[PDB]
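>>> The sequence isn't on hand, but the structure is:
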Ligand SMILES: CCCCNC(=O)[C@H](C)C[C@H](O)[C@@H]1C[C@H](C)CCc2cccc(c2)CS(=O)(=O)C[C@@H](C)C(=O)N1
């Protein structure tokens with residue numbers, strides 16, 4: 001029955017991927033952003049300039065008020081609202097209905113995106129980071145407790161825009177090759193441990209603790225690859241060196257300004273591949289995922305005279321650890337195997353294409369002392 005969930009996502013990396021859901025009785029349809037970087041299920045519940053519809057609690061006969069407030073601050077953006085519960089379904093998901101916690105968003109700050117086509121957010125991470133505290137059961141925990149849906153989901157994010165969220169399993173038609181698994185270090189964010197970084201085959205040769213300072217997470221709700229300061233500087237220095245035969249606007253490397261080239265003349269060959277080595281399932285063993293420049297040069301429309309191919313640099317500096325965002329997940333099939341406390345990666349069936357290079361998931365590799373790469 002997973003074929004019913006193939007192609008159930010819409011959206012893009014820059015504005016997120018969303019799945020259709022219904023809340024309440026009678027069902028109210030809403031588009032919900034898929035966010036593995038948080039653990040609250042929340043929906044716009046009051047008028048907002050960027051919302052075309054919102055959750056109307058007074059129209060749902062199964063709505064229950066929890067008489068408790070809530071607010072969630074993200075890396076960028078935040079909202080506040082009122083907690084309650086209601087019946088929730090996923091039309092192109094498992095054929096079930098669950099009573100779930102819902103934060104009714106009443107005010108927000110730089111959270112909703114104009115023209116994104118989504119009205120709420122589905123935090124798929126663990127209760128430890130739920131607000132106001134870990135006693136607010138997240139949606140996926142409610143789903144597993146109330147139904148026989150297995151305790152895992154997988155995401156196929158396809159760039160360009162859509163993809164698939166397979167709830168309760170793995171759909172083998174969505175990937176090629178083998179799945180390689182990295183342990184979930186701790187159940188709060190989807191925290192992983194990066195054990196080596198290479199750019200065009202050259203090791204960054206940093207203390208691997210730097211790659212996970214102060215954590216590394218997998219986050220479908222973040223567009224970019226985000227790197228801690230020291231790692232970001234080394235990566236940008238290496239990427240600049242590899243591409244120095246081209247001139248880039250002021251602020252391109254800050255992700256602010258955009259770069260353009262005549263239609264179909266983007267010099268892909270001058271931008272390096274990035275290899276992230278992740279801790280494996282067995283002692284002293286890792287695997288690597290290889291990222292092409294078509295992933296970290298995010299294509300954007302040219303509102304001006306749309307003739308050229310324009311892009312933004314989709315790697316940015318972080319002060320809260322590494323974030324493997326949507327541009328990293330695109331082109332891979334990512335399995336959030338909560339039951340076995342592991343995350344799997346495989347080459348996606350909707351993978352990015354370069355003329356001479358290819359995104360890859362490869363292993364095994366030997367990596368000694370991987371335990372020292374985790375931050376404490
Ligand atoms: C309180 C406990 C949990 C908190 N979790 C977090 O804050 C996560 C680490 C980050 C989250 O996934 C958040 C979730 C965001 C706001 C959802 C809206 C969205 C979708 C796609 C792209 C962008 C924004 C632009 S963007 O710039 O990429 C935002 C990135 C920077 C962002 O904040 N994404």
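Looks like it came in fine. Numbering: from 1, shown residues only.
>>> Phi and psi next, for residue 25.
Here is the backbone geometry of residue 25 (degrees, to the nearest 10): phi -130, psi 110.
>>> what about it, how many neighbours?
Around residue 25 there are 14 other residues, counting by other Cβ atoms under 10 Å. Heads up, the C-betas are built off the backbone N, CA and C, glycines and all.
>>> where along the stretch 201-350 of the chain do the helices fall?
Under the criterion DSSP state H, counting those that start in this stretch, the stretch 201-350 of the chain carries helices at the ranges 229-242, 293-296, 326-329.
>>> meant to ask about the stretch 1-150 of the chain
For the stretch 1-150 of the chain, the helices defined by DSSP H, counting those that start in this stretch occupy 139-146.
>>> returning to what we had before: highest mean neighbour count out of the helices of the stretch 201-350 of the chain?
Ranked by mean neighbour count, these are led by helix 326-329 with a mean of 28 (mean count of other Cβ atoms under 10 Å).
>>> For that one, give me every contacting residue.
Helix 326-329 is contacted from outside by 13, 16-17, 155, 157, 159, 218, 220-225, 276, 289, 291, 295-296, 298, 314, using Cβ atoms under 8 Å, 6 or more residues apart in numbering.
>>> what do you get if the cut-off is 7 Å, keeping everything else the same?
13, 155, 157, 220, 222-225, 291, 295-296, 298, 314 (Cβ atoms under 7 Å, 6 or more residues apart in numbering).
>>> The helices of the stretch 201-350 of the chain: which one's closest to residue 28?
Among the helices of the stretch 201-350 of the chain, the nearest to residue 28 by Cβ to Cβ is helix 326-329 (27.0 Å).
>>> Can you give the distance of the closest one from its chain's centre?
Helix 326-329 has its C-alpha centroid displaced from the chain centroid by 6 Å (Cα atoms, centre = their mean, to the nearest Å).
>>> before we move on, the earlier item: residue 80 is nearest to which of the helices of the stretch 201-350 of the chain?
helix 326-329 (25.4 Å).
>>> Span of stretch 249-259 from start to end?
Taking Cα to Cα, to the nearest Å, stretch 249-259 runs 7 Å from one end to the other.
>>> just stretch 85-100 next, same as before
This stretch, stretch 85-100, spans 5 Å end to end (Cα to Cα).
>>> Could you double-check that residue 96 lies in contact with residue 145?
No. With contacts counted by Cβ atoms under 7 Å, residue 96 stays clear of residue 145, the gap being 11.7 Å.
>>> Mind checking which of the two has more residues around it?
Neighbour totals were compared for residue 96 and residue 145, and residue 96 leads with 15 against 11 (other Cβ under 10 Å).
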